[PDB]
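The chain below stands alone, shown as structure tokens; this is the form solved without the named molecule.
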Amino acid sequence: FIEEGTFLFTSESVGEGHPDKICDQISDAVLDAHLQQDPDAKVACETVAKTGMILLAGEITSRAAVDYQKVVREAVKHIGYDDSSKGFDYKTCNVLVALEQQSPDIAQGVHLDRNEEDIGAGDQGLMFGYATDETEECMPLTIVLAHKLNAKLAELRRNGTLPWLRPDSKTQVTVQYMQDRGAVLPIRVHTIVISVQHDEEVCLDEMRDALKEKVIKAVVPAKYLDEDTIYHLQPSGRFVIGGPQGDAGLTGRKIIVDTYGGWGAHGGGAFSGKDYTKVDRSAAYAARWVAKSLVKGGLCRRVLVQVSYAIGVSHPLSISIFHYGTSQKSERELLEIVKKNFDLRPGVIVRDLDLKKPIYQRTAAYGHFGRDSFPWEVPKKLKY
């Protein structure tokens, strides 16, 4: 039963060994390796994963000397794919590279002979930032719980207490919310899905019991779970084949997992493998920073920000703020506050958010937002 004024919302997350997420992490390991040697590296590194194969494809212009074999294989090792029995092995997989320089036509139109603050956007596009006061970290509970379920699986795999676990996993959480003057209040968890790759020996009942008792109960507060919560645990019945062997991975195929779990809005751009001149990442990070600053500044409880760019043009084409009815300020007033406090040119975002720093591999699993006090998660004190 859904009481009037309440509603359901669902988000998902995936683990570090999910094949798409493998690709995001490798793309960002490559980015970080370049940035460690050349803070101004121009990087657009896609990764593709299938059985036995990591392929890097894209465009990099950089003064760095990067050992792609080592970078790729160390990222896969970190994830946990270290033996043919698990379906993938960093020691013995194929690493292919189809990397060229950045197009000179892009370079000339974006950054050649431009003052850093006045570099053009590296592409056109639209980006959104979102924040919600329903959790301290200003993220939707649906996505936070989904991420934490995957993190718990990785924790119990790595600590050896559930040694039948393997790195590829997916989770999904449906929460019922109460409307509260434009904001939302979580009531209960309606449905949880967990699927995780596993060894050939463990049986379904052992896995389902462990997923409930050692994963869900260790993550989701009991106050949100009741006798009617629906659990779909290993619903396919068998998930021995996994990782890239089970399903091809590509960079930028988990963009909703990377952001807000379907809340807010999304402009379509992927984050991983891209340096700060690619506004798909830098402007989305800055828009998150704006949104979170508006909420933590007490101006909104819930807020969406849209920005957009034209390739070669530094300033956003427009900015808009939607507060869901949760501000006493008007949309015009909030925009004025944002314009007075933020400069969303990529060549200024880079300074404010320290986006030449090689921290990107850390962003590439468990969402880019709501964790670890990255610069875009530290609210700006607003003057108005």
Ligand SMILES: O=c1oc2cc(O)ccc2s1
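In case it trips you up, residue 1 is the first one in the sequence shown, and so on.
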Going by the entry, of stretches 164 to 172 and 221 to 229 the one with greater average Cα B-factor is 221 to 229
Ranked by mean Cα B-factor in the entry, 346 to 354 and 328 to 336, top stretch is 328 to 336
By the entry's C-alpha temperature factors, tell me which of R253, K148, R114, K278 sits highest.
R114
Maximum C-alpha temperature factor per the entry, among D105, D123, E74, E100, belongs to which one?
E74
Within-chain third of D118 by Cα B-factor, per the entry:
middle
Quick check on the deposited entry: does the C-alpha B-factor of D258 sit in the lowest, middle or highest third of its chain?
lowest
Based on the deposited C-alpha B factors for this chain, I'd like to know if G17 is in the lowest, middle or highest third.
middle
Can you work out whether the C-alpha temperature factor of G80 puts it in the lowest, middle or highest third of the chain?
highest
Is the Cα B-factor recorded for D67 in the lowest, middle or highest third of its chain?
highest
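The next section is about a form of this same protein that is not shown, the form solved in complex with the named molecule.
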Give me the residue from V144, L211, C300, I79 that has a heavy atom within 4.5 Å of the named molecule in the entry with it bound.
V144
Going by heavy atom distances of 4.5 angstroms or less, which of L162, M207, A151, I119 would be at the interface with the named molecule in the entry with it bound?
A151
Does at least one non-hydrogen atom of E137 fall within 4.5 angstroms of the named molecule in the entry with it bound?
yes
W376, heavy atom within 4.5 angstroms of the named molecule in the entry with it bound
no
State yes or no: in the entry with it bound, is some non-hydrogen atom of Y360 no more than 4.5 angstroms from a non-hydrogen atom of the named molecule?
no
Stretch 355 to 384 - residues with a heavy atom within 4.5 Å of the named molecule in the entry with it bound
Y366, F369, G370, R371
